[PDB]
Each structure stands twice: as structure tokens, then as C-alpha cells.
Amino acid sequence: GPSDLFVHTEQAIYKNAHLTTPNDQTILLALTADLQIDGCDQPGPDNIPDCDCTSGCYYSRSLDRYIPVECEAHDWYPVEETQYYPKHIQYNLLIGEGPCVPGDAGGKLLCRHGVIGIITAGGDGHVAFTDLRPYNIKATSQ
Ligand SMILES: [Zn+2]
């Protein structure tokens, strides 16, 4: 079935700006990660954990189902200029070994606990994953 929907945590709706770019109501957004956060009274179970494992499972669109994969978390990696954004450096990226296609973007990667990041980047035999951990209500401050 259709699994293409945004994520709502408590009162923060996280989604891809390059796939949403809504009005100017978005509370805060980080162009560096092309992620936006809006407000709403539609709280969901979506609660990013405090750990971002490496070997998990992401929703593979090529097989229309979750598949086991292994990505390595990186404090920051270079993102070659593309249709999304120009050349720069991102933060919290999980690069692994998997197929990539124009649409697979958005695949949530569940680990020992659960979703730890979605597909934000993709390359040859390599798939990046935006770590949602370093953003949610894990601690903040400092
Ligand atoms: Zn974990």
C-alpha cells in the first residue's frame, strides 16, 4: 500500500522541503538537511530514539517492503551539488550499501529500537540516511 507520508512528532511535522516546500508557516527548517518542521495538533507515535545503529532495515521501494541494510553514521559528509542542493557538508549521515532510485527517498530505517533516519542521499551502490536522532527530543541544550 501507499507509504508516502510525512512524520508528525507530538507537534512537530518533519518532512523533506524539496518534496513539500509549503507556505511560510514552517516554524523552523534547516536547508543544510532540506528538512522542515511545522506545527499541528496531530500527534503521532513517531518518536525518534536516542541511538542510531548501523545495521537496520529501510523501506525498499524497489521491492515494496522493508529490507535489511547496514549504514555507517558520519558526523558530516560532503554532498556533491545535485538537483537538491549545491556542494556542501551535511550532518548526521548514515551511508550504507544499497540501491538508489528517483523516488526511494523517504525510506525510514528501523533499527534495534526503531526508525533512526530516512533516505536523504543516494549514490552508486551507496545510500545515505539522515539521522533523526540528533534533532528530536534526545537532550538538546548545551
Ligand atoms: Zn539503535
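Residues numbered from 1 in each chain as written, not as in the entry; some residues may be left out. Heavy atoms only, no water.

For this deposition, the record names solution NMR as the technique by which the model was determined.

Colleague: Residues and numbers for the sheet that holds strand 2 (residues 12-16), please.
Modeller: Spatially, the four strands line up as an open sheet ordered 1-2-4-3, and their pairing is antiparallel. Two strands in the sheet have a free side with no partner beyond their single neighbour: strand 1 (7-9) and strand 3 (28-30). Going across the sheet, the axis of each strand differs from the next one's by a mean of 20°, ignoring polarity. Taken together, the three bridges between strand 1 and strand 2 define a ladder with antiparallel strand orientation. Residue pairing for strand 2: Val 7 is matched across the bridge by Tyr 14. (Pairing = 2+ DSSP bridges. Helix = DSSP H or I, 4+ residues; strand = E, 2+ residues; numbered from the N terminus. Axes fitted to C-alpha atoms, helices over the stretch in contact; angles between N-to-C directions.)

Colleague: Explain the domain arrangement of the chain to me, and be specific about the residues and the numbers.
Modeller: Looking at the assigned domains, one finds that the chain contains domain 1 (1-43) and domain 2 (44-142). Between domain 1 and domain 2, the C-alpha centre-to-centre distance is 16 Å. Listed by partner, the interface residues are 19 residues for domain 1 and 14 residues for domain 2. For the pair domain 1 and domain 2, the summed buried area comes to about 1,500 Å², and 51% of that belongs to carbon and sulfur atoms. In this assembly, domain 1 and domain 2 are joined by one salt bridge. (Domains from an automatic or database assignment. Contact = heavy atoms within 4.5 Å. Buried area = accessible area lost by both parts, 1.4 Å probe. Salt bridge = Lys/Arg side-chain N within 4 Å of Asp/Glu carboxyl O.)

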